[PDB]
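Colleague: Structure incoming, see below.
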Amino acid sequence: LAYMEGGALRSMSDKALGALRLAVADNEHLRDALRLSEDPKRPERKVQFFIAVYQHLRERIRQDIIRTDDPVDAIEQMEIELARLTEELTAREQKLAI
Amino acid sequence: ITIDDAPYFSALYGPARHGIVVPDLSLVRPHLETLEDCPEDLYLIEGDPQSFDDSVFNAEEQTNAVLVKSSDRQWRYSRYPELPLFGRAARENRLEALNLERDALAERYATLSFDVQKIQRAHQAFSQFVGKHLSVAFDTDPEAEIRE
Amino acid sequence: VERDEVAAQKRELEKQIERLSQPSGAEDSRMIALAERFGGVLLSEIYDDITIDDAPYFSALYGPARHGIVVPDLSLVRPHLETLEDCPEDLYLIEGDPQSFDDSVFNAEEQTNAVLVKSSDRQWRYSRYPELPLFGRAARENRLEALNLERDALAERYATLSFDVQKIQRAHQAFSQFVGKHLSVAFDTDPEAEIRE
Amino acid sequence: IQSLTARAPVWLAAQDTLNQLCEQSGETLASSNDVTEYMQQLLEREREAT
């Protein structure tokens with residue numbers, strides 16, 4: 001993004017923020033951090049928000065069955081879990097029918 | 001029947017272990033011609049279903065087995081099977097053990113399927129990449145040049 | 001992916017064909033060994049050439065007793081009976097002449113594509129006609145040949161797909177070579193006109 | 001400088017995409033041919049795993 005004007009950067013930031021609004025609708029701490037982050041006179045807040053995201057994403061890793069500290073690398077583990085749960089659901093359905 | 005007598009009785013009854021007790025054998029006589037959808041060898045026994053008296057056999061117990069004369073000039077020698085058909089109380093425990101076994105099979109299969117998915121995803125990412133990316137791949141850094 | 005799929009199908013066909021161990025389609029070699037250990041002959045071996053029409057009837061009549069050894073003595077078994085552990089759990093033995101094996105004893109009544117036999121007291125057994133019966137095998141070589149044809153068709157399809165993959169790889173390497181050595185000037189104009197100007 | 005600048009963003013985005021893609025892998029790529037081989041090992045691993 002080094003070679004694009006501030007206007008486009010602002011526009012895409014606005015769009016990202018609009019998306020984030022819906023994304024974090026549910027959460028309250030992340031929502032509050034976002035609600036704080038938009039003051040133009042406190043830029044570090046935005047950075048803080050990002051930290052709060054990763055930090056948050058880590059606690060809800062549910063490390064009982066997942067290990068990757070980086071949430072980006074935990075997508076594979078969640079996919080594994082979905083596949084396993086689909087198999088388990090099939091088994092449970094068969095058991096219940098019988 | 002007990003786990004110990006289950007093998008003995010299973011060997012004693014042989015392919016007839018799974019038979020159905022019908023004291024008449026005449027109810028199936030008319031329907032017999034109709035039976036085209038049935039196990040290749042259906043077994044029926046005659047006696048009281050509630051208190052059936054053990055089928056008379058030309059049995060002869062041997063070490064962990066039972067010889068029997070099924071018909072004139074015909075003997076069937078049933079070795080004591082393990083985890084038999086009769087005694088289907090702990091056999092449910094064995095099919096539970098089968099579930100336990102298949103748990104690991106499912107886990108391994110899930111790992112393999114996930115690996116397949118990851119490889120496919122990586123391949124697709126690389127294909128897309130090259131589609132958009134080859135034109136400037138491994139080309140020189142403009143930044144250093146511009147600084148110079 | 002498709003050549004690998006054809007390879008997997010050919011693997012399945014090859015597994016099935018290998019499952020046609022002997023003579024053409026596997027027969028229990030353990031039971032042959034038992035018939036060798038006890039004076040007698042395999043029942044199917046005696047009827048392996050019986051007519052195709054009655055072969056399903058014979059199989060239905062015999063039921064599990066289809067696989068049996070024609071031991072006219074029954075005396076080699078009783079001492080060795082306790083000595084038999086590898087033998088099939090429900091081992092079947094019949095007394096008869098292997099050279100001319102008399103028809104086995106059944107109180108048989110023929111139903112439409114089926115049989116009912118008074119197997120024993122209070123025991124009536126009902127059976128149907130099977131396909132590819134234990135008796136009248138005639139080596140059923142044509143089944144083996146059809147399986148071999150399918151395996152060979154799979155191998156041929158795999159070969160064609162492998163050749164196609166090789167051609168595609170060749171084209172890819174040519175394209176990679178081009179973009180590695182002519183990408184920079186690809187599609188660009190002629191410098192001669194500019195030089196002349 | 002202007003020509004290099006025009007070229008810059010494309011090259012930079014390409015570099016970043018490649019860095020992400022390779023880092024996602026354990027290997028670091030250095031050539032189109034290298035990428036082609038990595039693809040071949042990928043196919044081999046795929047046809048094995050399947």
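Please note that chains go A, B, ... in the order of the structure tokens, that every chain numbers its residues from 1, and that ligands are numbered from 1 in the order shown.
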For residue 38 (chain D), list every protein, DNA or RNA residue within 9 Å, evaluated using only C-alpha atoms, and leave out those in the same chain fewer than 4 positions away; present the list as a list in words.

Modeller: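 My reading of the contact set: residues 27, 29, 33, 34, 42 and 43 of chain D.
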
Colleague: Please produce an output containing N, CA, C and O atoms for each residue in the selection, written as a short mmCIF file (atom, residue, chain, number, x, y, z; two decimals), in the first residue's frame.

Modeller:
```cif
data_model
loop_
_atom_site.label_atom_id
_atom_site.label_comp_id
_atom_site.auth_asym_id
_atom_site.auth_seq_id
_atom_site.Cartn_x
_atom_site.Cartn_y
_atom_site.Cartn_z
N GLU D 27 9.12 -24.80 3.04
CA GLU D 27 10.16 -24.46 2.10
C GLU D 27 10.03 -23.01 1.65
O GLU D 27 8.95 -22.42 1.65
N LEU D 29 10.76 -20.80 -1.74
CA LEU D 29 10.91 -21.02 -3.17
C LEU D 29 11.84 -19.97 -3.76
O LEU D 29 11.95 -18.85 -3.26
N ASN D 33 10.89 -23.07 -11.83
CA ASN D 33 11.14 -24.50 -11.85
C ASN D 33 11.02 -25.09 -10.45
O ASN D 33 10.47 -26.18 -10.27
N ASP D 34 11.57 -24.39 -9.45
CA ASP D 34 11.44 -24.85 -8.07
C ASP D 34 9.98 -24.98 -7.68
O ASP D 34 9.58 -25.95 -7.03
N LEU D 42 3.74 -32.03 -4.27
CA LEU D 42 2.38 -31.87 -3.78
C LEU D 42 1.46 -32.91 -4.39
O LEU D 42 0.68 -33.55 -3.69
N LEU D 43 1.56 -33.10 -5.71
CA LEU D 43 0.73 -34.10 -6.37
C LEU D 43 1.05 -35.49 -5.85
O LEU D 43 0.15 -36.33 -5.70
#
```

Colleague: As a compact mmCIF listing (two decimals) with N, CA and C atoms, in the first residue's frame, could you give me every residue of chain C near chain B (at most 8 Å apart, counting only C-alpha atoms)?

Modeller:
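Final file, selection_8.txt:
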```txt
# COMPACT_ATOMS: atom_id res chain seq x y z
N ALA C 60 -27.52 -75.90 -3.58
CA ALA C 60 -28.65 -75.66 -2.68
C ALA C 60 -28.93 -76.88 -1.82
N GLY C 63 -25.90 -77.26 0.80
CA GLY C 63 -25.76 -76.20 1.76
C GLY C 63 -24.33 -76.10 2.24
N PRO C 64 -24.14 -75.80 3.53
CA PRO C 64 -22.77 -75.73 4.06
C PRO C 64 -21.99 -77.01 3.87
N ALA C 65 -22.68 -78.15 3.79
CA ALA C 65 -22.01 -79.41 3.48
C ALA C 65 -21.45 -79.45 2.07
N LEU C 81 -9.10 -86.22 14.91
CA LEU C 81 -10.13 -85.21 15.13
C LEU C 81 -9.69 -84.21 16.20
N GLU C 82 -9.26 -84.72 17.36
CA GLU C 82 -8.71 -83.84 18.39
C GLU C 82 -7.42 -83.19 17.93
N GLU C 85 -6.89 -78.54 14.43
CA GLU C 85 -7.13 -77.19 14.93
C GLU C 85 -7.17 -76.16 13.82
N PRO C 88 -11.28 -76.00 9.06
CA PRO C 88 -12.41 -75.07 9.19
C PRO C 88 -13.28 -75.44 10.38
N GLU C 89 -13.75 -74.41 11.09
CA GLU C 89 -14.41 -74.64 12.37
C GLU C 89 -15.55 -75.65 12.22
N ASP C 90 -16.41 -75.45 11.23
CA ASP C 90 -17.47 -76.41 10.92
C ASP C 90 -17.02 -77.30 9.76
N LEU C 91 -16.05 -78.15 10.07
CA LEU C 91 -15.52 -79.07 9.07
C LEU C 91 -16.59 -80.09 8.70
N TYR C 92 -16.72 -80.36 7.41
CA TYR C 92 -17.68 -81.32 6.88
C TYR C 92 -16.95 -82.52 6.30
N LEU C 93 -17.37 -83.71 6.72
CA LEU C 93 -16.81 -84.96 6.24
C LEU C 93 -17.94 -85.91 5.85
N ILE C 94 -17.76 -86.61 4.73
CA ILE C 94 -18.75 -87.54 4.23
C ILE C 94 -18.07 -88.86 3.91
N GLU C 95 -18.82 -89.95 4.05
CA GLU C 95 -18.34 -91.29 3.76
C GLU C 95 -18.85 -91.70 2.39
N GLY C 96 -17.93 -91.96 1.48
CA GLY C 96 -18.29 -92.37 0.14
C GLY C 96 -17.04 -92.69 -0.65
N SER C 104 -25.30 -88.12 -1.97
CA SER C 104 -25.39 -87.93 -0.53
C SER C 104 -26.83 -88.08 -0.05
N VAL C 105 -26.97 -88.46 1.21
CA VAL C 105 -28.29 -88.75 1.78
C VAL C 105 -28.95 -87.44 2.20
N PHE C 106 -30.05 -87.10 1.52
CA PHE C 106 -30.92 -86.01 1.92
C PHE C 106 -32.36 -86.41 1.66
N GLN C 111 -38.27 -77.33 -4.48
CA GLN C 111 -39.16 -76.20 -4.69
C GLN C 111 -38.61 -75.34 -5.82
N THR C 112 -39.43 -74.41 -6.30
CA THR C 112 -39.02 -73.55 -7.40
C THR C 112 -37.71 -72.85 -7.05
N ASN C 113 -36.63 -73.22 -7.75
CA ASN C 113 -35.31 -72.65 -7.52
C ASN C 113 -34.89 -72.77 -6.06
N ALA C 114 -35.23 -73.89 -5.43
CA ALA C 114 -34.95 -74.08 -4.02
C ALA C 114 -35.11 -75.55 -3.66
N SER C 119 -32.90 -82.23 7.47
CA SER C 119 -31.50 -82.40 7.83
C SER C 119 -31.35 -83.38 8.98
N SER C 120 -32.19 -83.25 10.00
CA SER C 120 -32.14 -84.11 11.16
C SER C 120 -33.50 -84.03 11.85
N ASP C 121 -33.66 -84.83 12.90
CA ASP C 121 -34.89 -84.83 13.67
C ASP C 121 -35.23 -83.41 14.12
N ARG C 122 -36.49 -83.02 13.92
CA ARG C 122 -36.96 -81.69 14.27
C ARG C 122 -36.16 -80.59 13.59
N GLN C 123 -35.58 -80.89 12.42
CA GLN C 123 -34.71 -79.94 11.73
C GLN C 123 -34.96 -80.05 10.22
N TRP C 124 -35.71 -79.10 9.68
CA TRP C 124 -35.91 -78.95 8.25
C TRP C 124 -35.17 -77.71 7.76
N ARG C 125 -34.33 -77.90 6.75
CA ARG C 125 -33.49 -76.85 6.21
C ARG C 125 -33.99 -76.45 4.83
N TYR C 126 -34.17 -75.16 4.61
CA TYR C 126 -34.61 -74.62 3.33
C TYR C 126 -33.45 -73.86 2.70
N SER C 127 -33.20 -74.11 1.41
CA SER C 127 -32.10 -73.47 0.70
C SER C 127 -32.57 -73.05 -0.68
N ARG C 128 -31.88 -72.07 -1.26
CA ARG C 128 -32.14 -71.59 -2.61
C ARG C 128 -31.00 -71.97 -3.54
N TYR C 129 -31.22 -71.72 -4.83
CA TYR C 129 -30.18 -71.94 -5.83
C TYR C 129 -29.17 -70.79 -5.80
N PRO C 130 -27.89 -71.06 -5.54
CA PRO C 130 -26.88 -70.01 -5.68
C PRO C 130 -26.36 -69.92 -7.11
N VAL C 179 8.59 -18.48 -20.28
CA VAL C 179 8.40 -17.38 -19.35
C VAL C 179 9.65 -17.13 -18.53
N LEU C 183 9.87 -14.10 -21.09
CA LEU C 183 8.76 -13.36 -20.48
C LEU C 183 9.01 -11.86 -20.54
```

Colleague: Just need the residues of chain C within 10 Å of chain D, counting only C-alpha atoms, so spit them out as a list in words.

Modeller: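 Result: residues 1, 4, 5, 8, 169, 172, 173, 176, 177, 179 and 180 of chain C.
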
Colleague: Using only C-alpha atoms, which residues of chain A come within 10 Å of chain B, and what is the closest atom pair for each, with the distance in Å to one decimal? Give it as a tab-separated table, sorted by chain and residue number.

Modeller:
```
residue	atom	partner	partner_atom	distance
A:76	CA	B:118	CA	7.7
A:77	CA	B:114	CA	8.9
A:79	CA	B:114	CA	7.2
A:80	CA	B:114	CA	5.8
A:81	CA	B:110	CA	8.7
A:82	CA	B:110	CA	9.5
A:83	CA	B:110	CA	6.3
A:84	CA	B:110	CA	6.0
A:85	CA	B:110	CA	9.7
A:86	CA	B:110	CA	9.8
A:87	CA	B:106	CA	7.5
A:88	CA	B:106	CA	8.9
A:91	CA	B:99	CA	9.6
```

Colleague: At most 8 Å is the cut-off: for each residue in chain A with any atom that close to an atom of chain D, write down the nearest atom pair and the distance in Å rounded to one decimal, counting only C-alpha atoms, chain first then increasing number, as a Markdown table.

Modeller:
```
| residue | atom | partner | partner_atom | distance |
| --- | --- | --- | --- | --- |
| A:1 | CA | D:9 | CA | 7.7 |
| A:2 | CA | D:9 | CA | 7.8 |
| A:3 | CA | D:9 | CA | 6.5 |
```

Colleague: Dump as a ChimeraX atom specification the residues of chain B that approach chain D to within 6 Å, counting only C-alpha atoms.

Modeller: /B:133,136,142,146

Colleague: Using only C-alpha atoms, please write the residues we just selected to a file, as a PDB file, in the first residue's frame.

Modeller:
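Writing the result to part_6.pdb gives the following:
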```pdb
ATOM      1  CA  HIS B 133       1.913 -14.072 -10.087  1.00  0.00           C
ATOM      2  CA  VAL B 136       6.926 -10.687 -11.868  1.00  0.00           C
ATOM      3  CA  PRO B 142      12.697  -1.990  -7.411  1.00  0.00           C
ATOM      4  CA  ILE B 146      14.936   3.485  -6.582  1.00  0.00           C
TER       5      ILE B 146
END
```

Colleague: Using only C-alpha atoms, determine which residues lie at most 8 Å from region 53-59 of chain A, disregarding the query and same-chain residues fewer than 5 positions distant; provide the list as a PDB file with C-alpha atoms, in the first residue's frame.

Modeller:
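out20.pdb, freshly written:
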```pdb
ATOM      1  CA  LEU A  30     -13.850  -6.438  21.061  1.00  0.00           C
ATOM      2  CA  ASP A  69      -1.113 -20.199  19.339  1.00  0.00           C
ATOM      3  CA  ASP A  70      -1.544 -18.299  16.081  1.00  0.00           C
ATOM      4  CA  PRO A  71      -5.268 -18.408  15.217  1.00  0.00           C
TER       5      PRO A  71
END
```

Colleague: Would you return as number ranges by chain the members of chain D that DSSP assigns to alpha helix (DSSP H) on this structure's backbone?

Modeller: D: 2-24, 32-49

Colleague: Enumerate the residues of chain B with a DSSP assignment of strand (DSSP E or B), computed from the backbone, and present them as a ChimeraX atom specification.

Modeller: /B:20-21,41-45,59-62,65-71,74-79

Colleague: With N, CA, C and O atoms retained, write the just-selected residues as an mmCIF file, in the first residue's frame.

Modeller:
```
data_model
loop_
_atom_site.group_PDB
_atom_site.id
_atom_site.type_symbol
_atom_site.label_atom_id
_atom_site.label_comp_id
_atom_site.auth_asym_id
_atom_site.auth_seq_id
_atom_site.Cartn_x
_atom_site.Cartn_y
_atom_site.Cartn_z
ATOM 1 N N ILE B 20 -34.829 -70.664 13.277
ATOM 2 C CA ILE B 20 -36.042 -70.182 13.930
ATOM 3 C C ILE B 20 -36.851 -71.393 14.370
ATOM 4 O O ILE B 20 -37.076 -72.317 13.579
ATOM 5 N N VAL B 21 -37.287 -71.388 15.625
ATOM 6 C CA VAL B 21 -38.035 -72.512 16.181
ATOM 7 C C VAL B 21 -39.496 -72.373 15.779
ATOM 8 O O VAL B 21 -40.152 -71.386 16.125
ATOM 9 N N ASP B 41 -29.521 -70.445 2.863
ATOM 10 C CA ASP B 41 -29.774 -71.647 3.659
ATOM 11 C C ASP B 41 -30.536 -71.238 4.919
ATOM 12 O O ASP B 41 -29.934 -70.871 5.932
ATOM 13 N N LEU B 42 -31.861 -71.313 4.848
ATOM 14 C CA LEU B 42 -32.701 -71.019 5.997
ATOM 15 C C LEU B 42 -32.847 -72.258 6.870
ATOM 16 O O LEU B 42 -33.028 -73.372 6.368
ATOM 17 N N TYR B 43 -32.762 -72.060 8.182
ATOM 18 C CA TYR B 43 -32.846 -73.143 9.152
ATOM 19 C C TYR B 43 -34.097 -72.985 9.999
ATOM 20 O O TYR B 43 -34.378 -71.893 10.506
ATOM 21 N N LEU B 44 -34.842 -74.077 10.148
ATOM 22 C CA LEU B 44 -36.039 -74.112 10.972
ATOM 23 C C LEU B 44 -35.982 -75.334 11.873
ATOM 24 O O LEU B 44 -35.552 -76.410 11.449
ATOM 25 N N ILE B 45 -36.420 -75.162 13.116
ATOM 26 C CA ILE B 45 -36.409 -76.230 14.102
ATOM 27 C C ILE B 45 -37.801 -76.338 14.698
ATOM 28 O O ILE B 45 -38.559 -75.364 14.738
ATOM 29 N N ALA B 59 -24.418 -85.937 18.559
ATOM 30 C CA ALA B 59 -23.259 -85.171 18.986
ATOM 31 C C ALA B 59 -22.240 -86.053 19.696
ATOM 32 O O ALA B 59 -22.558 -87.129 20.209
ATOM 33 N N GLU B 60 -21.000 -85.573 19.710
ATOM 34 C CA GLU B 60 -19.884 -86.267 20.344
ATOM 35 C C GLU B 60 -18.860 -85.192 20.694
ATOM 36 O O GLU B 60 -18.144 -84.706 19.814
ATOM 37 N N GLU B 61 -18.817 -84.808 21.964
ATOM 38 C CA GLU B 61 -17.921 -83.740 22.375
ATOM 39 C C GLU B 61 -16.474 -84.209 22.297
ATOM 40 O O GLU B 61 -16.147 -85.337 22.676
ATOM 41 N N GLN B 62 -15.606 -83.334 21.796
ATOM 42 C CA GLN B 62 -14.173 -83.563 21.761
ATOM 43 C C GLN B 62 -13.495 -82.321 22.315
ATOM 44 O O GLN B 62 -14.134 -81.286 22.528
ATOM 45 N N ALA B 65 -14.228 -78.935 20.817
ATOM 46 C CA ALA B 65 -14.940 -79.153 19.564
ATOM 47 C C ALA B 65 -16.077 -80.137 19.803
ATOM 48 O O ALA B 65 -16.230 -80.690 20.894
ATOM 49 N N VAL B 66 -16.877 -80.348 18.759
ATOM 50 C CA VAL B 66 -17.993 -81.287 18.806
ATOM 51 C C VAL B 66 -18.157 -81.902 17.423
ATOM 52 O O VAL B 66 -18.404 -81.187 16.446
ATOM 53 N N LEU B 67 -18.012 -83.220 17.336
ATOM 54 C CA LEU B 67 -18.391 -83.951 16.139
ATOM 55 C C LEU B 67 -19.891 -84.210 16.167
ATOM 56 O O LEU B 67 -20.499 -84.311 17.231
ATOM 57 N N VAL B 68 -20.499 -84.282 14.988
ATOM 58 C CA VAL B 68 -21.919 -84.596 14.891
ATOM 59 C C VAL B 68 -22.148 -85.362 13.603
ATOM 60 O O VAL B 68 -21.483 -85.112 12.597
ATOM 61 N N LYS B 69 -23.086 -86.299 13.636
ATOM 62 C CA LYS B 69 -23.553 -86.971 12.430
ATOM 63 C C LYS B 69 -24.822 -86.260 11.980
ATOM 64 O O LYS B 69 -25.889 -86.428 12.577
ATOM 65 N N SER B 70 -24.698 -85.460 10.922
ATOM 66 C CA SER B 70 -25.845 -84.707 10.428
ATOM 67 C C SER B 70 -26.826 -85.616 9.703
ATOM 68 O O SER B 70 -28.046 -85.479 9.856
ATOM 69 N N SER B 71 -26.309 -86.551 8.914
ATOM 70 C CA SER B 71 -27.135 -87.468 8.148
ATOM 71 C C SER B 71 -26.301 -88.707 7.870
ATOM 72 O O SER B 71 -25.103 -88.749 8.157
ATOM 73 N N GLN B 74 -22.714 -88.660 6.841
ATOM 74 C CA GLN B 74 -22.384 -87.241 6.900
ATOM 75 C C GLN B 74 -22.068 -86.825 8.326
ATOM 76 O O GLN B 74 -22.906 -86.973 9.221
ATOM 77 N N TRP B 75 -20.884 -86.252 8.519
ATOM 78 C CA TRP B 75 -20.492 -85.672 9.794
ATOM 79 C C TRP B 75 -20.059 -84.228 9.608
ATOM 80 O O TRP B 75 -19.364 -83.889 8.646
ATOM 81 N N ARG B 76 -20.483 -83.388 10.543
ATOM 82 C CA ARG B 76 -20.014 -82.018 10.668
ATOM 83 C C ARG B 76 -19.228 -81.901 11.963
ATOM 84 O O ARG B 76 -19.714 -82.300 13.027
ATOM 85 N N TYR B 77 -18.020 -81.368 11.874
ATOM 86 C CA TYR B 77 -17.139 -81.234 13.025
ATOM 87 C C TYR B 77 -17.001 -79.750 13.333
ATOM 88 O O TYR B 77 -16.286 -79.028 12.629
ATOM 89 N N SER B 78 -17.691 -79.294 14.377
ATOM 90 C CA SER B 78 -17.733 -77.885 14.741
ATOM 91 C C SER B 78 -16.730 -77.635 15.861
ATOM 92 O O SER B 78 -16.933 -78.079 16.993
ATOM 93 N N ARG B 79 -15.649 -76.932 15.541
ATOM 94 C CA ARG B 79 -14.697 -76.527 16.562
ATOM 95 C C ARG B 79 -15.305 -75.446 17.444
ATOM 96 O O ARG B 79 -16.067 -74.598 16.971
#
```

Colleague: Report as a CSV table (one decimal) with N, CA, C and O atoms, in the first residue's frame all protein, DNA and RNA residues lying within 12 Å of region 37-42 of chain C, evaluated on only C-alpha atoms, omitting residues in the same chain fewer than 5 positions from it.

Modeller:
```
chain,number,residue,atom,x,y,z
C,27,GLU,N,-9.9,-71.6,-4.4
C,27,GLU,CA,-10.5,-72.7,-3.6
C,27,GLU,C,-9.7,-72.9,-2.4
C,27,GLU,O,-8.4,-72.8,-2.4
C,28,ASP,N,-10.3,-73.2,-1.3
C,28,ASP,CA,-9.7,-73.3,0.0
C,28,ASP,C,-8.6,-74.3,0.0
C,28,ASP,O,-8.9,-75.5,-0.1
C,29,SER,N,-7.3,-73.9,0.0
C,29,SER,CA,-6.2,-74.9,0.0
C,29,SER,C,-6.1,-75.6,1.3
C,29,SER,O,-5.6,-76.8,1.3
C,30,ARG,N,-6.6,-75.1,2.4
C,30,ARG,CA,-6.6,-75.8,3.7
C,30,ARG,C,-7.5,-77.1,3.5
C,30,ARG,O,-7.1,-78.1,4.0
C,31,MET,N,-8.6,-76.9,2.9
C,31,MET,CA,-9.5,-78.1,2.7
C,31,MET,C,-8.9,-79.1,1.8
C,31,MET,O,-9.1,-80.3,2.0
C,32,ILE,N,-8.2,-78.7,0.8
C,32,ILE,CA,-7.4,-79.6,-0.1
C,32,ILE,C,-6.4,-80.3,0.8
C,32,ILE,O,-6.2,-81.6,0.7
C,47,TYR,N,-17.4,-83.0,-8.0
C,47,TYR,CA,-18.5,-82.4,-8.8
C,47,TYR,C,-18.0,-81.1,-9.5
C,47,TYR,O,-18.9,-80.4,-10.0
C,48,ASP,N,-16.8,-80.7,-9.5
C,48,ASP,CA,-16.3,-79.5,-10.1
C,48,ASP,C,-16.7,-79.3,-11.5
C,48,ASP,O,-16.8,-78.2,-12.0
C,65,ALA,N,-22.7,-78.2,3.8
C,65,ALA,CA,-22.0,-79.4,3.5
C,65,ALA,C,-21.4,-79.5,2.1
C,65,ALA,O,-20.8,-80.5,1.7
C,66,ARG,N,-21.6,-78.4,1.3
C,66,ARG,CA,-21.1,-78.4,-0.1
C,66,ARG,C,-19.6,-78.6,-0.1
C,66,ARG,O,-19.1,-79.4,-0.8
C,67,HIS,N,-18.9,-77.9,0.8
C,67,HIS,CA,-17.4,-78.1,1.0
C,67,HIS,C,-17.2,-79.3,2.0
C,67,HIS,O,-17.5,-79.2,3.2
C,68,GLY,N,-16.8,-80.4,1.4
C,68,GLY,CA,-16.6,-81.6,2.2
C,68,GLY,C,-15.6,-82.5,1.6
C,68,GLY,O,-15.3,-82.4,0.4
C,69,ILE,N,-15.1,-83.4,2.4
C,69,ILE,CA,-14.1,-84.4,1.9
C,69,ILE,C,-14.7,-85.8,1.9
C,69,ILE,O,-15.4,-86.2,2.9
C,70,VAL,N,-14.6,-86.5,0.8
C,70,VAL,CA,-15.2,-87.8,0.7
C,70,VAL,C,-14.2,-88.8,1.2
C,70,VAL,O,-13.4,-89.4,0.5
C,71,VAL,N,-14.4,-89.1,2.5
C,71,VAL,CA,-13.5,-90.1,3.2
C,71,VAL,C,-14.3,-91.3,3.5
C,71,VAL,O,-15.1,-91.3,4.4
C,72,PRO,N,-14.2,-92.4,2.7
C,72,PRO,CA,-15.0,-93.6,2.9
C,72,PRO,C,-14.7,-94.3,4.3
C,72,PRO,O,-15.5,-95.2,4.6
C,73,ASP,N,-13.7,-93.9,5.0
C,73,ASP,CA,-13.3,-94.6,6.2
C,73,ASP,C,-13.9,-93.9,7.5
C,73,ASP,O,-14.5,-94.6,8.3
C,74,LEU,N,-13.7,-92.6,7.6
C,74,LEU,CA,-14.2,-91.9,8.9
C,74,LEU,C,-13.3,-92.4,10.0
C,74,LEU,O,-13.5,-91.9,11.2
C,75,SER,N,-12.3,-93.2,9.8
C,75,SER,CA,-11.5,-93.8,10.9
C,75,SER,C,-10.2,-93.0,11.1
C,75,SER,O,-9.7,-92.9,12.2
C,76,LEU,N,-9.7,-92.3,10.0
C,76,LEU,CA,-8.5,-91.5,10.1
C,76,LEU,C,-8.9,-90.2,10.8
C,76,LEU,O,-8.0,-89.4,11.3
C,77,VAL,N,-10.2,-89.8,10.9
C,77,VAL,CA,-10.6,-88.6,11.4
C,77,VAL,C,-10.7,-88.6,13.0
C,77,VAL,O,-10.1,-87.8,13.6
C,78,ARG,N,-11.4,-89.6,13.5
C,78,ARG,CA,-11.6,-89.7,14.9
C,78,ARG,C,-10.3,-89.6,15.7
C,78,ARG,O,-10.3,-88.8,16.7
C,79,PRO,N,-9.3,-90.3,15.4
C,79,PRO,CA,-8.0,-90.1,16.2
C,79,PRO,C,-7.4,-88.7,15.9
C,79,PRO,O,-6.9,-88.0,16.8
C,80,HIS,N,-7.4,-88.3,14.6
C,80,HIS,CA,-6.9,-87.0,14.3
C,80,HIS,C,-7.9,-85.9,14.5
C,80,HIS,O,-7.5,-84.7,14.3
C,81,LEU,N,-9.1,-86.2,14.9
C,81,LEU,CA,-10.1,-85.2,15.1
C,81,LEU,C,-9.7,-84.2,16.2
C,81,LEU,O,-9.7,-83.0,16.0
C,83,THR,N,-6.8,-83.7,16.9
C,83,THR,CA,-5.5,-83.2,16.4
C,83,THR,C,-5.8,-82.1,15.3
C,83,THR,O,-4.9,-81.4,14.9
C,84,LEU,N,-7.1,-81.9,14.9
C,84,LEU,CA,-7.4,-80.9,13.9
C,84,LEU,C,-7.7,-79.6,14.7
C,84,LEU,O,-8.7,-79.5,15.4
C,87,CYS,N,-8.2,-76.8,10.8
C,87,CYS,CA,-9.3,-77.2,9.9
C,87,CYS,C,-10.4,-76.1,10.1
C,87,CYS,O,-10.6,-75.5,11.1
C,92,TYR,N,-16.7,-80.4,7.4
C,92,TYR,CA,-17.7,-81.3,6.9
C,92,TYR,C,-17.0,-82.5,6.3
C,92,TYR,O,-16.0,-82.4,5.5
C,93,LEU,N,-17.4,-83.7,6.7
C,93,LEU,CA,-16.8,-85.0,6.2
C,93,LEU,C,-17.9,-85.9,5.8
C,93,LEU,O,-18.9,-86.0,6.6
C,94,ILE,N,-17.8,-86.6,4.7
C,94,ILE,CA,-18.7,-87.5,4.2
C,94,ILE,C,-18.1,-88.9,3.9
C,94,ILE,O,-16.9,-88.9,3.5
C,95,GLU,N,-18.8,-89.9,4.1
C,95,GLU,CA,-18.3,-91.3,3.8
C,95,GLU,C,-18.9,-91.7,2.4
C,95,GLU,O,-20.1,-91.8,2.2
C,96,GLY,N,-17.9,-92.0,1.5
C,96,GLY,CA,-18.3,-92.4,0.1
C,96,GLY,C,-17.0,-92.7,-0.6
C,96,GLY,O,-15.9,-92.3,-0.3
C,97,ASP,N,-17.2,-93.4,-1.8
C,97,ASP,CA,-16.1,-93.7,-2.6
C,97,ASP,C,-15.7,-92.5,-3.4
C,97,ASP,O,-16.6,-91.9,-4.2
C,98,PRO,N,-14.5,-92.0,-3.3
C,98,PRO,CA,-14.1,-90.9,-4.2
C,98,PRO,C,-14.2,-91.2,-5.6
C,98,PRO,O,-14.5,-90.3,-6.4
C,99,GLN,N,-13.9,-92.4,-6.0
C,99,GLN,CA,-13.9,-92.8,-7.5
C,99,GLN,C,-15.3,-92.7,-8.0
C,99,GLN,O,-15.6,-92.2,-9.1
C,100,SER,N,-16.3,-93.3,-7.3
C,100,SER,CA,-17.7,-93.2,-7.6
C,100,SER,C,-18.5,-92.8,-6.3
C,100,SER,O,-18.9,-93.7,-5.6
C,101,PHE,N,-18.6,-91.5,-6.1
C,101,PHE,CA,-19.2,-91.0,-4.9
C,101,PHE,C,-20.7,-91.1,-5.0
C,101,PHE,O,-21.3,-90.3,-5.8
C,134,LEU,N,-20.5,-74.1,-5.9
C,134,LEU,CA,-19.3,-74.9,-5.6
C,134,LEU,C,-19.1,-76.0,-6.5
C,134,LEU,O,-17.9,-76.4,-6.9
C,135,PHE,N,-20.1,-76.7,-6.9
C,135,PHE,CA,-20.1,-77.8,-7.9
C,135,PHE,C,-20.3,-77.3,-9.3
C,135,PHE,O,-20.9,-76.2,-9.5
```

Colleague: Quote the spacing between CA of residue 55 (chain C) and CA of residue 133 (chain C) in Å to one decimal place.

Modeller: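 Going from CA of residue 55 (chain C) over to CA of residue 133 (chain C) covers 5.8 Å.
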